[PDB]
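What follows is a single structure, written as structure tokens, with notes after it.
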Amino acid sequence: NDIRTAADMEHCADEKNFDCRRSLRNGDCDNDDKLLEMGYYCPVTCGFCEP
């Protein structure tokens, strides 16, 4: 009955088609220019969300 379940973004996952591992070692999470790309492509890999 709680409407807090309307949000389905509670679970974040890394992109399967995006190489977050390579982007992570490349410091992609440390690049402000890619910070948005990580929150979108690999929010979990950069530590912006949970798996």
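Convention: chains lettered A, B, ... in structure tokens order; per-chain residue numbering from 1; ligands numbered from 1 as shown.
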
Restrict the calculation to only C-alpha atoms, then for each residue of stretch 24-43 of chain A with any atom at most 9 Å from an atom of stretch 6-19 of chain A give the closest atom pair and their distance in Å to one decimal, rows by chain and rising residue number, as a Markdown table.
| residue | atom | partner | partner_atom | distance |
| --- | --- | --- | --- | --- |
| A:24 | CA | A:19 | CA | 8.3 |
| A:38 | CA | A:14 | CA | 8.6 |
| A:40 | CA | A:15 | CA | 8.3 |
| A:41 | CA | A:15 | CA | 5.1 |
| A:42 | CA | A:14 | CA | 4.2 |
| A:43 | CA | A:14 | CA | 6.2 |

Considering only alpha helix (DSSP H) as DSSP defines it on the backbone, what residues of chain A qualify? List them as a PyMOL selection string. chain A and resi 20-25+32-41

Please dump the current selection as a compact mmCIF listing (two decimals), in the first residue's frame; keep N, CA and C atoms.
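Listed below is the output, part.txt:
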# COMPACT_ATOMS: atom_id res chain seq x y z
N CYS A 20 32.66 -0.87 -18.07
CA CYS A 20 32.86 -0.04 -16.85
C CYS A 20 34.20 -0.39 -16.22
N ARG A 21 34.60 -1.63 -16.32
CA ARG A 21 35.89 -2.06 -15.73
C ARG A 21 37.02 -1.27 -16.40
N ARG A 22 37.03 -1.23 -17.71
CA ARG A 22 38.08 -0.47 -18.43
C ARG A 22 37.90 1.02 -18.16
N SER A 23 36.69 1.48 -18.22
CA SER A 23 36.44 2.92 -17.96
C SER A 23 36.81 3.25 -16.51
N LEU A 24 36.57 2.33 -15.61
CA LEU A 24 36.90 2.59 -14.18
C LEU A 24 38.42 2.71 -13.99
N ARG A 25 39.17 1.80 -14.55
CA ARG A 25 40.65 1.88 -14.38
C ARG A 25 41.17 3.10 -15.15
N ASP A 32 35.08 14.36 -14.49
CA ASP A 32 33.76 15.06 -14.39
C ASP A 32 33.05 14.96 -15.74
N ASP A 33 33.79 14.98 -16.81
CA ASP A 33 33.18 14.89 -18.17
C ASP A 33 32.51 13.53 -18.35
N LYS A 34 32.96 12.54 -17.63
CA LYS A 34 32.35 11.19 -17.79
C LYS A 34 31.56 10.83 -16.54
N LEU A 35 31.58 11.68 -15.55
CA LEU A 35 30.82 11.38 -14.31
C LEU A 35 29.36 11.12 -14.67
N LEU A 36 28.81 11.91 -15.56
CA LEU A 36 27.40 11.68 -15.97
C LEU A 36 27.32 10.36 -16.74
N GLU A 37 28.29 10.09 -17.56
CA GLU A 37 28.27 8.82 -18.33
C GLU A 37 28.28 7.64 -17.36
N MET A 38 29.04 7.75 -16.30
CA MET A 38 29.11 6.64 -15.31
C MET A 38 27.80 6.52 -14.54
N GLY A 39 27.27 7.62 -14.08
CA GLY A 39 25.99 7.56 -13.33
C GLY A 39 24.94 6.93 -14.23
N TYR A 40 25.11 7.07 -15.51
CA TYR A 40 24.13 6.50 -16.47
C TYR A 40 24.59 5.11 -16.94
N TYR A 41 25.79 5.01 -17.43
CA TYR A 41 26.29 3.69 -17.92
C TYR A 41 26.76 2.80 -16.77
